[PDB]
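*Asks:* First the structure, which I've put down as C-alpha coordinates, then a few questions once you've had a look.
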Amino acid sequence: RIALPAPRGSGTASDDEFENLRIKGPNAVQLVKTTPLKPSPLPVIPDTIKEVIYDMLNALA
Amino acid sequence: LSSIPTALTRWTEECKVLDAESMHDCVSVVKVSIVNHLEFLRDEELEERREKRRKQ
(Lines give C-alpha, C1' and ligand atoms only; values in the text may rest on other atoms or scores of the structure.)
Protein backbone atom coordinates (compact mmCIF):
# COMPACT_ATOMS: atom_id res chain seq x y z
CA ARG A 1 0.00 0.00 0.00
CA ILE A 2 1.48 3.42 -0.71
CA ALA A 3 1.97 5.16 2.60
CA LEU A 4 -0.11 8.09 3.83
CA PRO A 5 1.90 10.86 5.54
CA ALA A 6 0.39 12.25 8.72
CA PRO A 7 -2.26 15.00 8.60
CA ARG A 8 -0.10 18.08 8.23
CA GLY A 9 -2.56 20.52 9.79
CA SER A 10 -6.09 20.18 11.14
CA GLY A 11 -8.50 22.18 8.99
CA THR A 12 -10.06 21.24 5.68
CA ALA A 13 -10.19 24.54 3.77
CA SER A 14 -6.43 25.21 3.89
CA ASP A 15 -4.42 22.33 5.39
CA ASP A 16 -6.16 19.46 3.58
CA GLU A 17 -6.03 21.46 0.34
CA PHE A 18 -2.24 21.63 0.62
CA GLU A 19 -2.14 18.06 1.92
CA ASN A 20 -3.63 16.94 -1.35
CA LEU A 21 -1.06 19.13 -3.10
CA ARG A 22 1.67 17.32 -1.18
CA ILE A 23 0.49 13.70 -1.08
CA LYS A 24 -1.05 13.61 -4.56
CA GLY A 25 1.43 16.01 -6.15
CA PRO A 26 3.20 14.92 -9.34
CA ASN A 27 6.46 15.08 -7.36
CA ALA A 28 6.01 13.08 -4.15
CA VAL A 29 7.69 10.33 -2.11
CA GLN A 30 5.44 7.25 -2.31
CA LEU A 31 6.82 5.16 0.52
CA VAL A 32 5.35 1.66 0.92
CA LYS A 33 3.72 -0.07 3.88
CA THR A 34 2.63 -3.70 3.97
CA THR A 35 -0.93 -4.87 4.53
CA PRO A 36 -1.72 -6.90 7.66
CA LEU A 37 -0.99 -10.58 7.20
CA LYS A 38 -3.88 -12.54 5.66
CA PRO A 39 -4.13 -16.17 6.86
CA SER A 40 -2.68 -18.07 3.91
CA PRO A 41 -3.42 -21.82 3.88
CA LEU A 42 -0.71 -24.26 2.92
CA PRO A 43 -0.77 -25.23 -0.79
CA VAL A 44 -1.33 -28.93 -1.39
CA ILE A 45 1.80 -30.29 -3.08
CA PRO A 46 1.06 -32.03 -6.42
CA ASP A 47 1.86 -35.71 -6.71
CA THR A 48 4.40 -35.17 -9.47
CA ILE A 49 6.17 -32.65 -7.29
CA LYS A 50 6.27 -35.40 -4.68
CA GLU A 51 7.79 -37.87 -7.13
CA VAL A 52 10.41 -35.22 -7.79
CA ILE A 53 11.14 -34.52 -4.13
CA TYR A 54 11.09 -38.21 -3.17
CA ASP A 55 13.60 -39.19 -5.86
CA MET A 56 16.22 -36.91 -4.29
CA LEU A 57 15.55 -38.31 -0.81
CA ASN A 58 16.11 -41.78 -2.27
CA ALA A 59 19.36 -40.44 -3.78
CA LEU A 60 20.49 -39.69 -0.23
CA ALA A 61 20.66 -43.45 0.28
CA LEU B 1 21.61 -20.66 7.59
CA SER B 2 22.22 -17.30 5.90
CA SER B 3 24.67 -19.02 3.52
CA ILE B 4 21.61 -20.56 1.83
CA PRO B 5 20.55 -18.24 -1.02
CA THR B 6 17.12 -16.67 -0.77
CA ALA B 7 14.45 -17.06 -3.42
CA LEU B 8 15.01 -13.47 -4.51
CA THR B 9 18.69 -14.23 -5.11
CA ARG B 10 17.90 -17.36 -7.09
CA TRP B 11 15.33 -15.48 -9.16
CA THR B 12 17.93 -12.73 -9.61
CA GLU B 13 20.37 -15.27 -11.04
CA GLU B 14 17.67 -16.73 -13.26
CA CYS B 15 16.66 -13.29 -14.50
CA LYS B 16 20.25 -12.36 -15.27
CA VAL B 17 20.78 -15.49 -17.34
CA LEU B 18 17.38 -15.37 -19.08
CA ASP B 19 16.86 -11.61 -19.42
CA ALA B 20 19.42 -9.01 -18.37
CA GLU B 21 17.76 -5.91 -19.87
CA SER B 22 14.14 -7.04 -20.33
CA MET B 23 13.66 -7.19 -16.56
CA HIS B 24 13.58 -3.40 -16.45
CA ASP B 25 10.94 -3.39 -19.18
CA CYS B 26 8.81 -5.88 -17.26
CA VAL B 27 9.20 -3.79 -14.13
CA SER B 28 7.86 -0.84 -16.09
CA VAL B 29 4.91 -2.70 -17.55
CA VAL B 30 3.93 -4.15 -14.18
CA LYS B 31 4.57 -0.84 -12.39
CA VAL B 32 2.04 0.87 -14.66
CA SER B 33 -0.59 -1.51 -13.28
CA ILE B 34 0.51 -1.55 -9.63
CA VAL B 35 0.99 2.17 -8.98
CA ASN B 36 -2.42 3.01 -10.44
CA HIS B 37 -4.13 0.54 -8.09
CA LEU B 38 -2.18 1.56 -5.00
CA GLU B 39 -2.72 5.27 -5.72
CA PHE B 40 -6.45 4.63 -6.15
CA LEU B 41 -6.53 2.89 -2.77
CA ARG B 42 -4.34 5.64 -1.30
CA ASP B 43 -6.81 8.27 -2.45
CA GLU B 44 -9.75 6.27 -1.13
CA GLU B 45 -8.13 5.77 2.28
CA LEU B 46 -7.19 9.47 2.34
CA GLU B 47 -10.81 10.41 1.62
CA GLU B 48 -11.94 7.99 4.35
CA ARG B 49 -9.50 9.59 6.82
CA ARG B 50 -10.74 13.10 6.04
CA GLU B 51 -14.34 11.88 6.31
CA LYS B 52 -13.73 10.20 9.67
CA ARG B 53 -12.10 13.40 10.94
CA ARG B 54 -15.14 15.39 9.81
CA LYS B 55 -17.54 12.86 11.35
CA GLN B 56 -15.63 13.14 14.62
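Here, A, B, ... name the chains of the C-alpha coordinates in the order displayed, residue numbers run from 1 inside each chain, and ligands are numbered from 1 in the same displayed order.
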Find the residues of chain B in contact range of chain A, meaning any atom within 9 Å when counting only C-alpha atoms, and list them as an MDAnalysis selection string.
*Replies:* chainID B and resid 35 38:39 41:43 45:46 50 54
*Asks:* Could those residues be written to a file, using N, CA, C and O atoms, as a PDB file, in the first residue's frame?
*Replies:*
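Dumped everything to out.pdb:
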ATOM      1  N   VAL B  35       1.075   0.820  -9.537  1.00  0.00           N
ATOM      2  CA  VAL B  35       0.994   2.168  -8.982  1.00  0.00           C
ATOM      3  C   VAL B  35      -0.406   2.746  -9.133  1.00  0.00           C
ATOM      4  O   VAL B  35      -0.900   3.433  -8.237  1.00  0.00           O
ATOM      5  N   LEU B  38      -2.540   1.123  -6.337  1.00  0.00           N
ATOM      6  CA  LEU B  38      -2.178   1.563  -4.997  1.00  0.00           C
ATOM      7  C   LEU B  38      -2.474   3.039  -4.793  1.00  0.00           C
ATOM      8  O   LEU B  38      -2.822   3.441  -3.685  1.00  0.00           O
ATOM      9  N   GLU B  39      -2.352   3.858  -5.836  1.00  0.00           N
ATOM     10  CA  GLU B  39      -2.720   5.265  -5.721  1.00  0.00           C
ATOM     11  C   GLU B  39      -4.231   5.437  -5.624  1.00  0.00           C
ATOM     12  O   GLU B  39      -4.714   6.306  -4.890  1.00  0.00           O
ATOM     13  N   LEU B  41      -6.243   3.226  -4.162  1.00  0.00           N
ATOM     14  CA  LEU B  41      -6.531   2.885  -2.770  1.00  0.00           C
ATOM     15  C   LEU B  41      -5.976   3.926  -1.801  1.00  0.00           C
ATOM     16  O   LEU B  41      -6.575   4.163  -0.747  1.00  0.00           O
ATOM     17  N   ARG B  42      -4.862   4.576  -2.144  1.00  0.00           N
ATOM     18  CA  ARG B  42      -4.337   5.641  -1.300  1.00  0.00           C
ATOM     19  C   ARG B  42      -5.293   6.821  -1.266  1.00  0.00           C
ATOM     20  O   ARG B  42      -5.514   7.417  -0.206  1.00  0.00           O
ATOM     21  N   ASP B  43      -5.947   7.104  -2.390  1.00  0.00           N
ATOM     22  CA  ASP B  43      -6.811   8.269  -2.448  1.00  0.00           C
ATOM     23  C   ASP B  43      -8.134   7.949  -1.776  1.00  0.00           C
ATOM     24  O   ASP B  43      -8.739   8.822  -1.137  1.00  0.00           O
ATOM     25  N   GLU B  45      -8.410   5.728   0.848  1.00  0.00           N
ATOM     26  CA  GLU B  45      -8.129   5.769   2.279  1.00  0.00           C
ATOM     27  C   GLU B  45      -7.996   7.214   2.751  1.00  0.00           C
ATOM     28  O   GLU B  45      -8.424   7.549   3.858  1.00  0.00           O
ATOM     29  N   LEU B  46      -7.348   8.069   1.954  1.00  0.00           N
ATOM     30  CA  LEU B  46      -7.192   9.469   2.339  1.00  0.00           C
ATOM     31  C   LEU B  46      -8.548  10.158   2.463  1.00  0.00           C
ATOM     32  O   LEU B  46      -8.797  10.902   3.425  1.00  0.00           O
ATOM     33  N   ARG B  50     -10.136  11.777   5.942  1.00  0.00           N
ATOM     34  CA  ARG B  50     -10.743  13.102   6.041  1.00  0.00           C
ATOM     35  C   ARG B  50     -12.206  13.021   6.469  1.00  0.00           C
ATOM     36  O   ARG B  50     -12.664  13.814   7.304  1.00  0.00           O
ATOM     37  N   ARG B  54     -13.960  14.532   9.842  1.00  0.00           N
ATOM     38  CA  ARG B  54     -15.143  15.390   9.813  1.00  0.00           C
ATOM     39  C   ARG B  54     -16.270  14.822  10.669  1.00  0.00           C
ATOM     40  O   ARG B  54     -16.944  15.558  11.399  1.00  0.00           O
TER      41      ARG B  54
END
*Asks:* Give the helix (DSSP H, G or I) residues of chain A, as assigned by DSSP on the backbone, as a count of residues only.
*Replies:* 26
*Asks:* Find the distance between CA of residue 21 in chain B and CA of residue 8 in chain B and write it in Å to one decimal.
*Replies:*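 CA of residue 8 in chain B lies at a distance of 17.3 Å from CA of residue 21 in chain B.
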*Asks:* Could you tell me how far CA of residue 33 in chain B sits from CA of residue 8 in chain A, in Å to one decimal place?
*Replies:*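 Calculated distance between CA of residue 8 in chain A and CA of residue 33 in chain B is 29.1 Å.
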*Asks:* When you draw a straight line from CA of residue 36 in chain B to CA of residue 26 in chain A, how long is it in Å?
*Replies:* 13.2 Å
